[PDB]
Protein chains: 2
Amino acid sequence: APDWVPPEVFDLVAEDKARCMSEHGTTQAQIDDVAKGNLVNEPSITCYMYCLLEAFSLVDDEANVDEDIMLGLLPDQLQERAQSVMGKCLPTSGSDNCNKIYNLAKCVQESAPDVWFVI
Amino acid sequence: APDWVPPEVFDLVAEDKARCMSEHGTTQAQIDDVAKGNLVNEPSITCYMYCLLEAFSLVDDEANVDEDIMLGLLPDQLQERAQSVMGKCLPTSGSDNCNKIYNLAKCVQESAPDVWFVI
Ligand SMILES: CCCCNS(=O)(=O)c1ccccc1
Ligand SMILES: CCCCNS(=O)(=O)c1ccccc1
Ligand SMILES: CCCCNS(=O)(=O)c1ccccc1
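Per the deposited record, the coordinates in this entry were obtained by X-ray crystallography to a resolution of 2.03 Å.

Following this line, the structure appears as structure tokens:
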């Protein structure tokens, strides 16, 4: 949703978006809420984000973020900002994979809400 | 094991853990191996998982799973996530009891790696 997201990402994620929303019972409404900063800790959205990340190998089976793959997918414009916020927010911590991603999202959104995006 | 697993279960299983590891020649390394995502189809671990399940009355003599009790014993957030996964992955199928549980474990891990834990 933020204006920096490369156009190609909308097509790149389309397959795994459909699959992940089906698996987690996610609605588009929940997703639209996130750029508005209305994220709540509900598995239907938190496990969706986990699902989408895992699909691009941005996280492992334990929801640990691969910083290199994350920076790789991000555009050049955001490398500086994203590296700083990852330093701050990683490694992930939480009770389960979905909570780990919720905790990461909240962490990022505290200083850099426009760096965390969901589609 | 994942961070969500109830503290109580470490003590609750200690008796049957010992008996089940002894029965199936299981080593602690094999058990630890699973958390890492490295579950293999080997009877010393797959029959161990059967054995622990049966101890909690979660499987019968044919490795049919009691979905209701399995789900009921999971903490709230894991119970929600597992309902879907268990809908897909149950009832069990396979050539023997040990393979049935291997197939269940892999099935669960495809969508919900952190849901299927072994101790
Ligand atoms: C780092 C930005 C947060 C990623 N959130 S997301 O899980 O919806 C997602 C969006 C796009 C690709 C993969 C995952
Ligand atoms: C007695 C209370 C502990 C059971 N909780 S459990 O999540 O570890 C669990 C173990 C085995 C199957 C399902 C859930
Ligand atoms: C979601 C259920 C996981 C079952 N895994 S287990 O069979 O090794 C087991 C762990 C603890 C108690 C009984 C069985």
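Student: Got a minute to help me understand the site of ligand 1 in this structure?
Tutor: Residues and elements named next belong to chain A. Contacts to ligand 1 come from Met49, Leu52, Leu53, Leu58, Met70, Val115, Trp116, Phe117, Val118 and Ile119. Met49 places a main-chain nitrogen or oxygen 3.2 Å from an oxygen atom of ligand 1. About the coverage of ligand 1: the protein hides 96% of its 380 Å² of free accessible area. Here the residues of the shell around ligand 1 are counted per class, giving 10 nonpolar, no polar and no charged.

Student: Quick question: what am I supposed to make of the interface of chain B and chain A here?
Tutor: Where interface size is quoted, it is often the accessible area lost as the parts come together. At the interface, 12 residues of chain B touch 13 residues of chain A. Carbon and sulfur atoms supply 48% of the area buried between chain B and chain A, which totals about 980 Å² over both sides. Broken down residue by residue, the surface that chain B buries against chain A is led by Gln77, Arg81 and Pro113 of chain B, which jointly contribute 41%. Taking the shortest distance from any N to any O, the salt bridge between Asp96 of chain A and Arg81 of chain B comes out at 3.2 Å. For the pair chain B and chain A, the number of links is three residue pairs in polar contact.

About the thresholds
Residues numbered from 1 in each chain as written, not as in the entry; some residues may be left out. Chains lettered and ligands numbered in written order. Heavy atoms only, no water. Near = heavy atom within 4 Å. Polar contact = N/O pair within 3.5 Å; in protein donor to acceptor, adjacent residues only side chain to side chain. Areas by Shrake-Rupley, 256 points an atom, 1.4 Å probe, with all protein chains shown as cover. Nonpolar A, V, L, I, M, F, W, Y, C, P; charged D, E, K, R; others polar. Contact = heavy atoms within 4.5 Å. Buried area = accessible area lost by both parts, 1.4 Å probe. Salt bridge = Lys/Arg side-chain N within 4 Å of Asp/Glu carboxyl O.

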